[PDB]
Each structure stands twice: as C-alpha cells, then as structure tokens.
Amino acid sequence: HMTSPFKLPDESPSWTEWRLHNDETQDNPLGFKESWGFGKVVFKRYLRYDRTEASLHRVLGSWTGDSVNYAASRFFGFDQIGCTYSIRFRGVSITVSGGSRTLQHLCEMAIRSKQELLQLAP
C-alpha cells in the first residue's frame, strides 16, 4: 500500500450516477479530477465540487505541501525525479511539473492553479 499524497478519499461517480446526473443537467460536472505523479507512480482523485465557498475550502484540503512531500519522498534517489500535478475542470487542464528538487515550488504553483481554475468565471 503506497502512501498517497491525498488527504481525502476518491469520489468517482458510478456509471449510473453519472447517467442520472447527465439526464438532469459539461460546464456543470459532478466535480473535477486531479493527480500527482512522482517518477512512474501516479495517484488520482475525482472530487465533488459545486462551485460554493464551502466546497472550495473542502477540496483545497485534499492535499498540502506536507502531504505531497511525505508521499513523494518515498521515491527520491541520488538523481532528481520528475514530479507532476495535473487538474482538469470544465474542459481546461493545468499541469505543473518539474524535478523533485523544486517540489516545494511546484506545490505553491499547483495550489494556486487549482484555486484559480476552480474559481474561473462561470
């Protein structure tokens, strides 16, 4: 059991939920997808998000610089490894990537990117 960078569990919808949602509403998805990759290993989350302030606060807590550092440092060696954060919401994907020496900075840009994309004007 690899140690995840995430602090909240996955919330991917079932096929039937997604169909039901589709019938009743995408610029109004159930939520967004995000991932963190360290070398060859990728951890992924689908998280529900409804464009409210409470919901934004909840999903911004899915990972921290500390949680990312803990998970990522399991994979660090003599060489630097590639680290990548990606997020997709409403047709737009943002990826923030670089080497493990730069991880703190990557996390700073990743969290700013997530915040901006989740708040992008309707």
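Heads up: residue numbers just count along the shown sequence, starting at 1.
- Per the record, residue 14 and residue 15 follow each other directly, and no deposited residue is missing between them.
- Higher mean CA B-factor, judged across 83-91 and 69-77 from the recorded values: 69-77.
- For the segment pair 16-24 and 103-111, the entry gives 16-24 the higher mean B-factor, averaged over Cα atoms.
- The residue among 48, 58, 45, 51 whose C-alpha carries the highest B-factor in the deposited model is 51.
- The entry lists a Cα temperature factor for residue 118 that places it in the middle third of the chain's modelled residues.
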